[PDB]
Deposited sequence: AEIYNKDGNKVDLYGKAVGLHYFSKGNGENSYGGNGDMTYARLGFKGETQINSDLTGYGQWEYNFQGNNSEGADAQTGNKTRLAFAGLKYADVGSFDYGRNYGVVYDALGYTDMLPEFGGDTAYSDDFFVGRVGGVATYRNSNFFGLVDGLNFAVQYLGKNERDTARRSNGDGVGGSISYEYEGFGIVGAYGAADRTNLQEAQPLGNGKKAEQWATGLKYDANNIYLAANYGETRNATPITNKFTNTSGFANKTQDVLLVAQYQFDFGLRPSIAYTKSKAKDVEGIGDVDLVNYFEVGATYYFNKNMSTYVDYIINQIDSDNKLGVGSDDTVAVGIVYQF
């Protein structure tokens, strides 16, 4: 909600309270888990008009979990999602730095439209696919104001030597090219980076270089939203062997994401989605499936502030999965107030 608009500076303080339960037989060995998954969000988007052609902006977004106790475990799952400041000059584009989405999310965001789940490949703190800390991102709209609908972007990821290999990364470069024409939208994205010492010393994942690329195709006009994503990764996707407490990365993944949705004028947005992600050359296993499901779901928009939703995952993963990826269905019911 815009709560300040004075003297060439507007601030938007926004947030949401999401009442959210997950139903699954077991959670312990299912897709999403079982129990209370209530959370709250808070953030600000700030925007200042320095002059006629120059513009400043900043954003911060925090996640508070509503499913912890007030005791010892009160912070589990609480985190900053976004924290970046940036400048935008006329048609020369924009530069920002901080915690933000990796460039490959420029692609993957295409299918990340599900009411609760979806966008399984957009892992956070995972190089270029999701949110990451320490990214320089240049972005260009309409090719310096000369070619309508053509957008490109470049991103520089500074190394993050963290205490765990899962959240660590080295120096890297990535980028994306995208074009949008009369409802349609085509996107390509790629990025490569160094693996840290701690990532190399991991039982799963072999190499010194991590890669992630993904294409995007979508129709998004006249109340219809269709979208497709294909992606591959070298030494990038994080994997866990639940049979041995082993973790690391998958040498190769192929990732398919399909999404179909519709928006009725009265408020209903039903959702059908397909998602499959296979991992190749997993040491002491071979070929494992990590994500495999059909999705049926809906979202009722009472208005721009209030909504409820059901999201049903038909989990195609089988009972004898090599890595121990939960094979059971998960259903999520939600009530959202946002501002």
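- Counting from residue 1 of the deposited sequence, the single stretch lacking C-alpha coordinates in this chain is 27.
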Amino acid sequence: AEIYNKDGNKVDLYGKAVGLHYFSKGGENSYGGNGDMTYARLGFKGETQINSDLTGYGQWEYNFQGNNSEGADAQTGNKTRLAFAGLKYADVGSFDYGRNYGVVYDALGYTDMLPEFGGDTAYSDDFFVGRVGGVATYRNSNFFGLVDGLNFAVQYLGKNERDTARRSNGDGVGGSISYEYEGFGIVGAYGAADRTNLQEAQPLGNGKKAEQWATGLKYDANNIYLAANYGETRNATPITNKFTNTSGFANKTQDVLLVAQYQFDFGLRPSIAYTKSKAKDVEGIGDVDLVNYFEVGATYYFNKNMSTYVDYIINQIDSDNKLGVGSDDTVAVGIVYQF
From here on, numbers count along this sequence of modelled residues.
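- In this crystal structure, the stretch out of 267-275 and 59-67 whose C-alpha atoms carry the higher mean B factor is 267-275.
- When the two stretches 195-203 and 150-158 are set side by side, the higher mean Cα temperature factor goes to 195-203.
- Across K79, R139, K209, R131, the greatest Cα temperature factor reported in the deposited entry is at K209.
- Looking at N100, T233, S94, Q75, the one whose CA carries the top B-factor in the deposited record is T233.
- When the modelled residues of the chain are ordered by their C-alpha B factor, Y312 lands in the highest third.
- Per-chain ranking of the deposited C-alpha B factor places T38 in the lowest third.
- Annotation for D112: CA B-factor lies in the middle third of the chain's modelled residues.
- The deposited CA B-factor of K25 belongs to the highest third of values across its chain.
- In this PDB entry, the Cα temperature factor of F294 sits in the middle third of its chain's modelled residues.
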